[PDB]
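What follows is a set of notes on a single structure, which appears directly below.
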Amino acid sequence: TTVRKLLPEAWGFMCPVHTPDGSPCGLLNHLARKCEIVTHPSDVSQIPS
Amino acid sequence: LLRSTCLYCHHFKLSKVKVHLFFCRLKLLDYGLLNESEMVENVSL
Amino acid sequence: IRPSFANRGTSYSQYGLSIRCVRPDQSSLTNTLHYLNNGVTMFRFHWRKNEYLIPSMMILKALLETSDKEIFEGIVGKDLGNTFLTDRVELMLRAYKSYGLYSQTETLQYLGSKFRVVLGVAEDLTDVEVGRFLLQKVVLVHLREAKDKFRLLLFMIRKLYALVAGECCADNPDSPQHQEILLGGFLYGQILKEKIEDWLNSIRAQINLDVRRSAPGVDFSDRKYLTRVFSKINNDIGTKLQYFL
Amino acid sequence: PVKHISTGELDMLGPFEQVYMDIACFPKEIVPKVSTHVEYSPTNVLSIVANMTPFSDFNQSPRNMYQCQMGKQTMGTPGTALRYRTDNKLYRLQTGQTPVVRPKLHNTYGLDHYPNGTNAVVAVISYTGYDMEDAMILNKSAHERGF
Amino acid sequence: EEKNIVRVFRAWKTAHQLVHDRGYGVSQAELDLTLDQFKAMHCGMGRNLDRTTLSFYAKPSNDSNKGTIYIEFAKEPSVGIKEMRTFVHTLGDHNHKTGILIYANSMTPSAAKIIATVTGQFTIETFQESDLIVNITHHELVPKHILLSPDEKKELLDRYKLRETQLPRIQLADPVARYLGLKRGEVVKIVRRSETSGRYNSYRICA
Amino acid sequence: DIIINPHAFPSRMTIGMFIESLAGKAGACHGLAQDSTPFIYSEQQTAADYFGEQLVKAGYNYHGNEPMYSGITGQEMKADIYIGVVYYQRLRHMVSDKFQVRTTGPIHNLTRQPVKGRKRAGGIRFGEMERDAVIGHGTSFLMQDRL
Amino acid sequence: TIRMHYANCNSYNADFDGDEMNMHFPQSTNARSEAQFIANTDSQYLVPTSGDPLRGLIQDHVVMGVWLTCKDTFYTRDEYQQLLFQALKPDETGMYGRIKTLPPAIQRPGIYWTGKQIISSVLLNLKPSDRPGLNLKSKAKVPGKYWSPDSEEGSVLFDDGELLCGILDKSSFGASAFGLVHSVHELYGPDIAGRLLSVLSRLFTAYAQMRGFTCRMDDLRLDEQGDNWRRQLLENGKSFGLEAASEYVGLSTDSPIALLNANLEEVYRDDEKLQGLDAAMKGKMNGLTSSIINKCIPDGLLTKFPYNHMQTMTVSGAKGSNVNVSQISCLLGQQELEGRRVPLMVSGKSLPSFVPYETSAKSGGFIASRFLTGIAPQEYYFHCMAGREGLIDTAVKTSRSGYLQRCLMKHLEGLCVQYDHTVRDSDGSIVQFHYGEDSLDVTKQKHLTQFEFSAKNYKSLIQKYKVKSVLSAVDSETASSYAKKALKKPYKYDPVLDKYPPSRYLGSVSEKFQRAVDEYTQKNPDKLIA
Amino acid sequence: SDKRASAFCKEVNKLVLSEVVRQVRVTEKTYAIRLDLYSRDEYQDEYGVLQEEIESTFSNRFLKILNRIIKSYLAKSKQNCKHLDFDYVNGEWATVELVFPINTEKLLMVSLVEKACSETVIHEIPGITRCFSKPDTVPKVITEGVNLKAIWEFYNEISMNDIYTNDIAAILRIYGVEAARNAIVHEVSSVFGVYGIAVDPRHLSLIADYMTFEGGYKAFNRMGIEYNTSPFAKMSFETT
Amino acid sequence: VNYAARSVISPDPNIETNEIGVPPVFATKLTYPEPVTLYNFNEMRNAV
Amino acid sequence: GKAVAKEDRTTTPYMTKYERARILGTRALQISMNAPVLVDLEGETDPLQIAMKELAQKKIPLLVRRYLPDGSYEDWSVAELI
Amino acid sequence: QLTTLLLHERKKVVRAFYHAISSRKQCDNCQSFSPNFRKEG
DNA sequence: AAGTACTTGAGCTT
DNA sequence: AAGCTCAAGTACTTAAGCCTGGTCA
RNA sequence: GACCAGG
Ligand SMILES: [Zn+2]
């Protein structure tokens, strides 16, 4: 009954309700409606500066 | 069984008298007599 | 904290420190710290489906030409002589002083003569830069600068001792807190990079075979040689991708 | 994404700030001196398919889970370009129509191009006697007029 | 402090109770002994002074079957090889069929094989002290056990057309077997008191 | 058009469906598209009350009820009945999955037991618990027959 | 697609949502013969783990039974004839020439039969050729108070086959023994019990067609007085959480916030103290829940008991329980996921919406809103957690019985009961003499303890047992004589079952059985004369 | 009485030397360890083990175990108590001075002593711990672990009314086979009552009375399989 | 096993508690032998 | 082994839940194989309901042998059973 | 002048047989030390 | 992962 | 010496039924 | 036969 649990630090990240019934129940957590996946990195040298 | 073999001896690593005790155990078990099998050990020499 | 750690390494403990480092091109690998009951910590890494197990003081002295006092004041820089850390670091330091060497050169040559066989590096070119190569390739990749690898590894060993020191909770890596998503295209790029590394190493082995036969055609300046070599080896990687998909 | 309260503009955060930020979920729930962030609209919490199940907050969560996992298998319109699709088994629902009850996001994502089922005048009643043990009935005239 | 003098007091209510239960007969007061009753029985200068006189016997109410029983306690820890075999000729002149022994602790294994071989038609049986000092057969989780005559065993073997290898068994390391004086081969008749429907009587053997 | 069963709503907690019924009978009457996103309607005023105001505007009962005469007897049902406008997204399990019959057919190369099909007219499996069932029933002949 | 009847369903354990069943067909005649006789559906009426009946009529039929047996229902000639006939359906089942009816319970000034009169009419028209009438008194499911303080329905009482008083419900006919259908199975034999179950089925069906029954919305809503009662009760439960938590850690309610938070931080780094905390918190919350449910749900809600079509289905036992209407109508209560309660994230704020170290019950897994009115988001997430836990447990459990039924047939493979009446293994060894005295294998031993039942009628049971043919061949006097000798308190007498096997000697019974019949004759001598 | 009841409770329960001891500082150079101990009043609050008991048993067995485990760390590094001073009067400290060669590597001393504390027990019946009192006017004591031998000696409670969670192996070893038989019948009935499902004791009694057919008790795995007369079953079931 | 069909199953209250529905396809396709005697020749005649 | 004599029979005289089944079955099969109908038929067609019509009249052949677990048997006619 | 409990004893004899045979190294008859043997999976 | 029974070596006693 | 019970440690098979689809080399 | 699906 481990990581197949819907432990709450997902609020708005990956949907709590929708995840299939049956064997894979609790594993595949479909992303929330608006949680993107940021894939284009950025420049951050100004951050150490 | 190979471990139990004695190559030069071609008898058992066990004492023959003990293997014959074992033999009597099964001989008397064949007809189904349980306490009668544990009886036969009642000898001390 | 996961039980397999200790009973894999019976001197070992469940206390471990994991880090998933990733180069700028998203070609990540994981190198973890396994702590052992004695007080030393071994610096797990994994190369070519092969486990590998090196002590942290070793790699730490190998990285920078350093003074051991810098090592300690990097580990337990605080509140001078806090008993727990100032004793565990003493024990580790003596334990590595046991059978190791002193200088960066000597340690690097130790490591190089050790690893040369499994590493697919050029059979000849060097052995010192092989040491500066292993610390380039496996220990800590996301950090480009050596000194920064050094500072971060000090951070890491301090945090691990703190973890045994009970002042830090057990992180629960199976939560969306410490979790991330591998997109499709990144895996695609990594598999393409791997198939290309295989292709290069394969034509390398092929030219090595041509040198191995006796010397059937040997002129490394002539182009006709290379078009022949390319003719021999399988030159398709796209079909490998299509089979993958 | 969320809305920042001390300013009035967008702000995005990842899976560290959640555990350490007092993210108010209702404009009226905001308590000052603590709440640093406000959610746009808690609709933004669920997923896509789960969102389009009307009154999804009146159901016992196992049932919303069943309806989610089972709406992903409706015999609905898999699109509109079917002349040029060589897929193996396709299902097309000849007469589908828009739900009379629909969460506005159901129009925003533009599902109306892709309806899934029909709208039936369902009378909750135990009259036929056949419709027990989770079954149901189907008015024959509607079944032959093109349900 | 001085509780050890209770351990051996509670060693006659595990022994004088261990009588019938075999078919014998003993005076009905040696079972209801009060605590100080024993101290009045076995006296000395102490106040420790319990040993050197703890030995009795009994004659069966079976009145036959060759023969009777004699109870004797070797209180000295580690009975050994010089207190097992010397206490056999004393059984032999007494013509007692089977006797008892207690010990705390550890009847030595070297003095555990050589003993049962000379007993022959007699048999020493069996116990040690500090383990069986509370009557076992007295509880809700144990039935009353009864032996069977060869006629009584023939009864079972006939009414069921059985073989003595088809009836359920009891091992001899069992406290109720060593308690009854069972030998390997005789059928005991047990009273399953399970409150489902009445209580019936099952049987078992030993081997 | 479709009769659902009352005894199915408790033990499932799909009261959201009754709310959907109200909403649909409200929307169809006037010509509205009832917005049913989660979390809109709070405890102060129920969604039921809002949709009921709508309905009593339209003309029908306020709890959603409606008087229905039965069909085969002609007299009214003593108690009113519930009629809503739900969205029945048809599912996909009808005939392919359902029925396979094996009178006589192809067999196994090795042991001449019928094959594992539904494409090769394969037989159904009967054993390793079906055996326990009969051999509890005390039907040794049925066991020896089927097995 | 094949078709079956509702009754068998609860046996096969199907929901008929679209699950599928193997149909077989034994070819030869030996096989189908033994099947038709040993395993005909009605002849499997008692599930053999216990005695209670596993078949029964279900949801629509049972609540419409509570609506037909109720005394408020009156039928005229036309409806009564029609309904009785729909219940019987003679020709296809057969066996009868012409149906016989009862006279009307009330006659002037209009002839109106009552419902229980119709249940009695059915019980009559299935009467065997010559078997004396049934009689029974046994408690019903729907407690009487729902009808009235000191109402008489309560317990179904019908002598000589007529429902004098007592409405039928789950218990009377369904998955509950000592009701109608079970005693009919006893007295009249099983091949009649099945026809009876079918007849009550079609009967309540035709009635539903006449009358109708729906689970309509207004059944859920609280009346304004009731709902403000609940809102006041929760206004009082504004704080219970902080009080209980500060009490468990021990600090006062006006405690310093800093010390309170520091204590809480000390609380859930360790885990056993959390089990204590949650025990105390769930204690106080279950108290609050008991309070508000107990005031609201039976009295607050809009419609009363009978006219309410959901409280009917709930309290009758068709589907659901009292907790279901509780959740639907008043509050949901604490959500306990894998035991204790909600899991905390590292920083101690159970959800990112709640401030760190929350003590209000709102973050303890307690949720105030009710399904009808609509649950809030914060609470919704916890409910999702608990529901999903339910699913991932029920899924991953069904593999736990995955090795035991390949364990308990290697060692209980044959274990047949030979004609010596002494259960043996197949090899030949004895395991249980007389099967723990058995009284039977449990599937029929049930009515022994119902010693009042037989003495109540006694005229039909004697004909069932067929005394004239049985007393002939079997021995009676000797074992009955020895029964007393075995009941002698001193020993040396076996249990009578060992001396005289219970097959032929019509005198042996276990001890407790004879003790029961004796101490019943002496304890309850009211029915037996003198 | 209730006071004597709680007295027996604190008696049969084992104290572990850790549960009494406070922080353990080890001053070094030679070699020196100091164990803090709480006041006698709180000491008898939780307890009722006497100061002289601490003195004697602590000294002897604490010494031995510390010796053994420090030898353990020494032998692992390869890959003694000359001075002992207990608080002979006040019972508030315990110092020990030991000498070790300088070549031996540094030792994790505080952890070693913390383990040794938990690794020594004063009054522990072999195989029992954790005695508790729970609410019927038939007051009974819950005990974690099993020692029928230990409960024989205790006459503060009846030697008859000893209810057991199964441990049927143990009681079969010393109470009979019918003991274990009725034990497992009671056990399974108790397991199946906690849910309101009915399992009439005919089936459970047959399951029991077969499970102990041999006269011992056989589990429902490879053990019982190897005994049947059917060479087809045993070959079908687990390891063909 | 042969002679054994399978389907998804709907409920019917009208038949009996004994009886089970059989669709026409299972009837027409599930076969079983019947010896032929003097008195059911008529039925088998109609059958063939 | 032995074939138990009529004078002493231990078995239970009740036509069990099983002997009824097998007796009626094999009898129905017999009568299906053009066998002697020992009772005037009622026009009934099924080769098994004839068997029940016969067993109700207790005019059936086929004594049954009840194997005791020893290896002996008792041979009971169907009329003799209850 | 098979059956169940037979196997219970006939397996006990097998286990005792091994416990006896494999323990001995030198010949009890010959007094020699016949060479040891090493295997592989 | 769970846990089982299996087998070999090192320390103590005659 | 060496016999012989004691200890952790090395090899080693199971994990519900069905049923239906699909892709695959 | 193996990996994703699904009741
Ligand atoms: Zn030799």
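Letters A, B, ... mark the chains of the structure tokens in the order given; residue numbers begin at 1 per chain; ligand numbers begin at 1, in order shown.
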Write as a PDB file with N, CA, C and O atoms, in the first residue's frame the residues around ligand 1, taking 10 Å as the cut-off and counting only C-alpha atoms (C1' of nucleotides) and all ligand atoms.
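Final file, pocket-v7.pdb:
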ATOM      1  N   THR B   5      29.938 -43.515  -0.143  1.00  0.00           N
ATOM      2  CA  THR B   5      30.772 -44.611  -0.619  1.00  0.00           C
ATOM      3  C   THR B   5      32.138 -44.580   0.057  1.00  0.00           C
ATOM      4  O   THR B   5      32.635 -43.520   0.440  1.00  0.00           O
ATOM      5  N   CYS B   6      32.725 -45.762   0.234  1.00  0.00           N
ATOM      6  CA  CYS B   6      34.138 -45.915   0.569  1.00  0.00           C
ATOM      7  C   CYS B   6      34.772 -46.693  -0.580  1.00  0.00           C
ATOM      8  O   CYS B   6      34.531 -47.897  -0.724  1.00  0.00           O
ATOM      9  N   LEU B   7      35.575 -46.008  -1.397  1.00  0.00           N
ATOM     10  CA  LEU B   7      36.003 -46.584  -2.671  1.00  0.00           C
ATOM     11  C   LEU B   7      36.883 -47.808  -2.461  1.00  0.00           C
ATOM     12  O   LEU B   7      36.652 -48.862  -3.064  1.00  0.00           O
ATOM     13  N   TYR B   8      37.903 -47.685  -1.611  1.00  0.00           N
ATOM     14  CA  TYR B   8      38.785 -48.817  -1.342  1.00  0.00           C
ATOM     15  C   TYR B   8      38.058 -49.900  -0.560  1.00  0.00           C
ATOM     16  O   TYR B   8      38.317 -51.095  -0.742  1.00  0.00           O
ATOM     17  N   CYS B   9      37.148 -49.496   0.327  1.00  0.00           N
ATOM     18  CA  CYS B   9      36.452 -50.458   1.172  1.00  0.00           C
ATOM     19  C   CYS B   9      35.304 -51.125   0.432  1.00  0.00           C
ATOM     20  O   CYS B   9      35.079 -52.332   0.580  1.00  0.00           O
ATOM     21  N   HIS B  10      34.562 -50.353  -0.361  1.00  0.00           N
ATOM     22  CA  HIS B  10      33.343 -50.778  -1.041  1.00  0.00           C
ATOM     23  C   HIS B  10      32.272 -51.244  -0.066  1.00  0.00           C
ATOM     24  O   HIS B  10      31.326 -51.929  -0.463  1.00  0.00           O
ATOM     25  N   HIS B  11      32.411 -50.895   1.211  1.00  0.00           N
ATOM     26  CA  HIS B  11      31.320 -50.914   2.169  1.00  0.00           C
ATOM     27  C   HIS B  11      31.028 -49.482   2.598  1.00  0.00           C
ATOM     28  O   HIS B  11      31.552 -48.523   2.024  1.00  0.00           O
ATOM     29  N   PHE B  12      30.180 -49.340   3.612  1.00  0.00           N
ATOM     30  CA  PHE B  12      29.723 -48.018   4.016  1.00  0.00           C
ATOM     31  C   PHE B  12      30.717 -47.331   4.944  1.00  0.00           C
ATOM     32  O   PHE B  12      31.398 -47.970   5.748  1.00  0.00           O
ATOM     33  N   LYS B  13      30.788 -46.000   4.821  1.00  0.00           N
ATOM     34  CA  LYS B  13      31.486 -45.197   5.820  1.00  0.00           C
ATOM     35  C   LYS B  13      30.909 -45.433   7.207  1.00  0.00           C
ATOM     36  O   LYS B  13      31.623 -45.334   8.209  1.00  0.00           O
TER      37      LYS B  13
ATOM     38  N   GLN K  26      36.048 -41.129   7.741  1.00  0.00           N
ATOM     39  CA  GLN K  26      36.888 -42.297   7.537  1.00  0.00           C
ATOM     40  C   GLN K  26      36.055 -43.574   7.563  1.00  0.00           C
ATOM     41  O   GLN K  26      34.954 -43.620   8.114  1.00  0.00           O
ATOM     42  N   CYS K  27      36.604 -44.627   6.965  1.00  0.00           N
ATOM     43  CA  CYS K  27      35.907 -45.900   6.870  1.00  0.00           C
ATOM     44  C   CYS K  27      35.787 -46.529   8.253  1.00  0.00           C
ATOM     45  O   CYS K  27      36.792 -46.730   8.941  1.00  0.00           O
ATOM     46  N   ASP K  28      34.551 -46.816   8.668  1.00  0.00           N
ATOM     47  CA  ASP K  28      34.355 -47.576   9.897  1.00  0.00           C
ATOM     48  C   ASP K  28      34.714 -49.041   9.699  1.00  0.00           C
ATOM     49  O   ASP K  28      35.024 -49.741  10.669  1.00  0.00           O
ATOM     50  N   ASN K  29      34.676 -49.517   8.455  1.00  0.00           N
ATOM     51  CA  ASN K  29      35.088 -50.882   8.148  1.00  0.00           C
ATOM     52  C   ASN K  29      36.571 -50.945   7.791  1.00  0.00           C
ATOM     53  O   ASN K  29      37.331 -51.728   8.368  1.00  0.00           O
ATOM     54  N   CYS K  30      36.995 -50.111   6.843  1.00  0.00           N
ATOM     55  CA  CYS K  30      38.331 -50.212   6.269  1.00  0.00           C
ATOM     56  C   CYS K  30      39.372 -49.419   7.049  1.00  0.00           C
ATOM     57  O   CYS K  30      40.563 -49.729   6.964  1.00  0.00           O
ATOM     58  N   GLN K  31      38.943 -48.403   7.800  1.00  0.00           N
ATOM     59  CA  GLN K  31      39.771 -47.428   8.525  1.00  0.00           C
ATOM     60  C   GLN K  31      40.509 -46.480   7.590  1.00  0.00           C
ATOM     61  O   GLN K  31      41.325 -45.675   8.064  1.00  0.00           O
ATOM     62  N   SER K  32      40.250 -46.532   6.289  1.00  0.00           N
ATOM     63  CA  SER K  32      40.885 -45.623   5.348  1.00  0.00           C
ATOM     64  C   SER K  32      40.121 -44.304   5.285  1.00  0.00           C
ATOM     65  O   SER K  32      39.032 -44.153   5.841  1.00  0.00           O
ATOM     66  N   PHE K  33      40.720 -43.333   4.602  1.00  0.00           N
ATOM     67  CA  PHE K  33      40.077 -42.056   4.306  1.00  0.00           C
ATOM     68  C   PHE K  33      39.893 -41.997   2.793  1.00  0.00           C
ATOM     69  O   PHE K  33      40.765 -41.534   2.065  1.00  0.00           O
ATOM     70  N   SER K  34      38.755 -42.488   2.318  1.00  0.00           N
ATOM     71  CA  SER K  34      38.485 -42.437   0.890  1.00  0.00           C
ATOM     72  C   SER K  34      38.365 -40.977   0.452  1.00  0.00           C
ATOM     73  O   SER K  34      37.828 -40.151   1.202  1.00  0.00           O
TER      74      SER K  34
END
Q: Mind checking which residues fall within 12 Å of region 60-67 of chain D, counting only C-alpha atoms (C1' of nucleotides), ignoring those fewer than 5 positions away in the same chain, and posting them as an MDAnalysis selection string?
A: (chainID A and resid 15:22 25:26 29) or (chainID D and resid 46:47 49:55 72:74) or (chainID F and resid 9:17 38 88:89 91) or (chainID G and resid 324 327:328 332 370:372 374:375 379:392 394)
**Q.** Close residues, residue 204 (chain E) itself excluded, 8 Å, only C-alpha atoms (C1' of nucleotides), min 2 positions apart in chain, as a list in words
**A.**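 After dropping sequence-adjacent residues, the list is residues 167, 168, 169, 170, 187, 188, 189, 190, 202 and 206 of chain E.
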Output file for the residues above (N, CA and C atoms, as a compact mmCIF listing (two decimals), in the first residue's frame):
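Dumped to result_4.txt:
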# COMPACT_ATOMS: atom_id res chain seq x y z
N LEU E 167 -5.49 -45.50 13.27
CA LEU E 167 -6.07 -44.63 14.30
C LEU E 167 -5.12 -43.48 14.62
N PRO E 168 -5.65 -42.30 14.93
CA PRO E 168 -4.78 -41.17 15.25
C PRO E 168 -3.86 -41.47 16.41
N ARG E 169 -2.77 -40.72 16.50
CA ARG E 169 -1.67 -41.02 17.39
C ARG E 169 -1.47 -39.93 18.43
N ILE E 170 -0.59 -40.22 19.38
CA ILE E 170 -0.01 -39.23 20.27
C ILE E 170 1.48 -39.53 20.38
N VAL E 187 -3.98 -47.80 23.54
CA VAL E 187 -4.93 -46.81 23.06
C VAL E 187 -5.50 -46.07 24.26
N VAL E 188 -5.46 -44.75 24.21
CA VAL E 188 -6.06 -43.91 25.24
C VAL E 188 -7.35 -43.32 24.71
N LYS E 189 -8.31 -43.14 25.61
CA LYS E 189 -9.67 -42.75 25.28
C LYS E 189 -9.92 -41.35 25.83
N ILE E 190 -10.06 -40.38 24.94
CA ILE E 190 -10.08 -38.97 25.29
C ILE E 190 -11.49 -38.43 25.12
N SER E 202 -13.25 -39.66 21.66
CA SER E 202 -12.37 -40.11 20.60
C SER E 202 -11.28 -40.99 21.20
N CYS E 206 -0.20 -44.33 20.83
CA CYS E 206 1.13 -43.76 20.87
C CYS E 206 2.13 -44.69 20.20
Q: Would you mind telling me which residue in M:2, M:25, M:7, M:18 lies nearest to residue 10 (chain L) when using only C-alpha atoms (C1' of nucleotides)?
A: M:7
(Q) What are the residues of chain H lining chain M at 12 Å or less? Count only C-alpha atoms (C1' of nucleotides), and put the answer as a list in words. (A)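 Per the criterion, chain H yields residues 221, 222, 237, 238, 239 and 240 of chain H.
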(Q) Can you pull out the residues contacting region 319-322 of chain G? Cut-off 8 Å, using only C-alpha atoms (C1' of nucleotides), and skip same-chain residues under 5 positions away; I want them as a PyMOL selection string. (A) (chain F and resi 7-8+10-11) or (chain G and resi 59+313-314)
(Q) Let's see if you can do this: from backbone DSSP, list all strand (DSSP E or B) residues in chain F, as a VMD selection string. (A) chain F and resid 2 to 4 34 to 35 65 to 66 69 76 81 to 88 100 107 114
Go ahead and dump the residues you just picked, N, CA, C and O atoms, as a compact mmCIF listing (two decimals), in the first residue's frame.
# COMPACT_ATOMS: atom_id res chain seq x y z
N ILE F 2 -35.12 5.73 -20.88
CA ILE F 2 -34.25 4.77 -20.24
C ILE F 2 -34.53 4.77 -18.75
O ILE F 2 -34.41 5.81 -18.10
N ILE F 3 -34.86 3.61 -18.21
CA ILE F 3 -35.26 3.51 -16.82
C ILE F 3 -34.08 3.03 -15.99
O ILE F 3 -33.56 1.94 -16.21
N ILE F 4 -33.66 3.84 -15.03
CA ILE F 4 -32.55 3.51 -14.16
C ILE F 4 -33.13 2.96 -12.88
O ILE F 4 -34.33 3.06 -12.63
N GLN F 34 -26.68 24.28 -18.51
CA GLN F 34 -26.44 24.47 -17.09
C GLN F 34 -24.98 24.23 -16.75
O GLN F 34 -24.45 23.13 -16.96
N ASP F 35 -24.34 25.25 -16.20
CA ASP F 35 -22.93 25.19 -15.87
C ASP F 35 -22.76 24.36 -14.61
O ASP F 35 -23.33 24.69 -13.57
N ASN F 65 -39.79 16.05 -9.00
CA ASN F 65 -40.78 15.00 -9.15
C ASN F 65 -41.68 15.26 -10.35
O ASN F 65 -41.70 16.35 -10.92
N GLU F 66 -42.43 14.24 -10.73
CA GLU F 66 -43.45 14.40 -11.75
C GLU F 66 -44.45 13.27 -11.60
O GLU F 66 -44.04 12.15 -11.26
N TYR F 69 -48.48 8.11 -14.73
CA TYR F 69 -49.37 6.97 -14.74
C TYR F 69 -48.63 5.77 -15.31
O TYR F 69 -47.85 5.90 -16.24
N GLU F 76 -52.67 5.97 -11.91
CA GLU F 76 -51.45 6.69 -11.58
C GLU F 76 -50.65 5.92 -10.55
O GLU F 76 -51.19 5.12 -9.79
N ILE F 81 -42.89 10.30 -9.38
CA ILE F 81 -41.67 9.66 -9.84
C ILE F 81 -40.70 10.73 -10.32
O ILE F 81 -41.07 11.87 -10.58
N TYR F 82 -39.44 10.34 -10.43
CA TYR F 82 -38.38 11.26 -10.79
C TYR F 82 -38.04 11.11 -12.26
O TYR F 82 -37.82 10.01 -12.74
N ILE F 83 -37.98 12.23 -12.97
CA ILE F 83 -37.64 12.21 -14.39
C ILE F 83 -36.60 13.27 -14.67
O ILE F 83 -36.85 14.46 -14.46
N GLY F 84 -35.43 12.86 -15.17
CA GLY F 84 -34.37 13.79 -15.46
C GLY F 84 -33.86 13.63 -16.88
O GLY F 84 -34.30 12.76 -17.62
N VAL F 85 -32.93 14.50 -17.24
CA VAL F 85 -32.34 14.49 -18.57
C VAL F 85 -30.85 14.25 -18.46
O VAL F 85 -30.07 15.20 -18.34
N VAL F 86 -30.43 13.00 -18.52
CA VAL F 86 -29.06 12.63 -18.23
C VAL F 86 -28.32 12.41 -19.55
O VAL F 86 -28.92 12.36 -20.62
N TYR F 87 -27.00 12.29 -19.47
CA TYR F 87 -26.14 12.04 -20.63
C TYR F 87 -25.58 10.63 -20.52
O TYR F 87 -24.73 10.36 -19.67
N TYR F 88 -26.05 9.74 -21.38
CA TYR F 88 -25.72 8.31 -21.33
C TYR F 88 -24.65 7.95 -22.36
O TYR F 88 -24.95 7.42 -23.42
N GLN F 100 -19.43 -17.14 -26.80
CA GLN F 100 -18.69 -18.16 -27.52
C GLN F 100 -19.29 -19.50 -27.15
O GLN F 100 -19.46 -19.80 -25.97
N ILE F 107 -8.76 -29.09 -32.15
CA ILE F 107 -8.14 -29.67 -30.97
C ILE F 107 -6.66 -29.35 -30.90
O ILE F 107 -6.10 -28.67 -31.77
N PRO F 114 -9.48 -29.39 -26.44
CA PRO F 114 -9.83 -28.23 -27.27
C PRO F 114 -8.92 -27.03 -27.01
O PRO F 114 -8.44 -26.82 -25.89
